[PDB]
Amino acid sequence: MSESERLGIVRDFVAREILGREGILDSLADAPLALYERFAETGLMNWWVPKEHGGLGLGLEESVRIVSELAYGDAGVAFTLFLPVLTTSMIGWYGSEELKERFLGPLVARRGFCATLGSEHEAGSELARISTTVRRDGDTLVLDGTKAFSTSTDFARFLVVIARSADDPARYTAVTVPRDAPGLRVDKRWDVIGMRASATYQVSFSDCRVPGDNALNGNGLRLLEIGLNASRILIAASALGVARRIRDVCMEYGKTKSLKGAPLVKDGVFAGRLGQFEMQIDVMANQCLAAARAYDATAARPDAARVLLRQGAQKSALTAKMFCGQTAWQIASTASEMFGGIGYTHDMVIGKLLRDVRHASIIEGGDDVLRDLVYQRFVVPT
């Protein structure tokens, strides 16, 4: 199947299961929504997983296009569908071959979800301070602690938990945990203000025991940073998709709205806003594609796992999320006033799109964290 044919399948899924269903998608309905099963039936679930595990092995450049099309429909749906790339990419590069086969093989075959548990309430983004601990006890690993936010965990097949070693407090380990391990408790689902088609949870571990072979190889904080390269780029692509939707929603309104005796699409102030939007969308698209191409070129190296350990955070993954999160938010903010009073009602979608797009600058590192990281890694040394 061609790349163009796959994108048409995604576009038909959006038109068929998302567009016109903003009501249910924005309702924080019992998870998972049936539409996720419908996406499974496309054959495109986990589309990035390598062919060695029965996946399609699609590159991140193609993923940018897929995610932009999904998020045009609903950013919470796109998020839920691409975010497992964070977990699978960490397992792909730093798990043993037997661990990869135990978890990734079934993930693809069963059309399932997985999740990564990094965030904690008190540590915040200062991840050296995380308090979730992992202890060796014979042939098992023992997890204890509370993890603040993780998406899809309740219906995931397995999780990767970033933990600090109690044995050596200077050591951090990523630990694979199956969903129904003893001692794993889903504490609650968060009442998110947007992306309300996604489900995000607080999770607690108390004497949670898993086999010793379940740890990934490497500093868990460095592995997390590497896994976030893919998800940060696709969060940027999601913001691009919402901005495209906002543009199209403005044009649909402008065709029928009258001002000064003509459709609003003929008005100079409106034209100026939409031309600025289109410029911004063009730049966001080129930035996402540049970042994805760089990601794919590195992942194609036969030594990619070792190369990525040296690299850590990819500069253009950080800058793509920063730029697209800021720009799509600014587009939504402008458009939130372009529909008069009806734009202040749920009869128009712009209110939802604005809440949805707000996630991009917040999740996986806010812009204070990421500005500092870009500065320390790519300005100070240069």
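From 1 onward, residues are counted along the sequence shown.
* Asked: Can you tell me which stretch has the higher mean Cα B-factor, 303-311 or 173-181?
  -> It is 303-311.
* On average, which has the higher Cα B-factor in the deposited entry, 356-364 or 19-27? -> Stretch with the greater average CA B-factor: 19-27.
* Out of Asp74, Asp154, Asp168, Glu252, which one has a C-alpha B factor higher than all the others in the entry? -> Of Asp74, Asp154, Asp168, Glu252, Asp168 has the highest C-alpha B-factor.
* Could you say which of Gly241, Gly105, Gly194, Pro84 has its CA atom at the highest B factor, as listed in the PDB entry? => Top of the list by C-alpha B-factor: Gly105.
* So where's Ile9 on the chain's Cα temperature factor ranking, which third? -> CA B-factor rank for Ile9: highest third.
* Asked: Where does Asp144 sit by CA temperature factor within its chain: lowest, middle or highest third?
  -> It belongs to the middle third of the chain when residues are ordered by C-alpha B-factor.
* Relative to the other modelled residues in the chain, which third contains the C-alpha temperature factor of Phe79: lowest, middle or highest? -> Answer is middle: the recorded C-alpha B-factor places it there.
* To do: Sorting the chain's modelled residues by C-alpha B-factor, tell me whether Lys321 ends up in the lowest, middle or highest third.
  => Its C-alpha B-factor, which the entry lists for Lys321, ranks in the lowest third among residues of this chain.
* Give the position of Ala128 by CA B-factor within its chain, expressed as the lowest, middle or highest third. => Highest third of the chain for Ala128's C-alpha B-factor.
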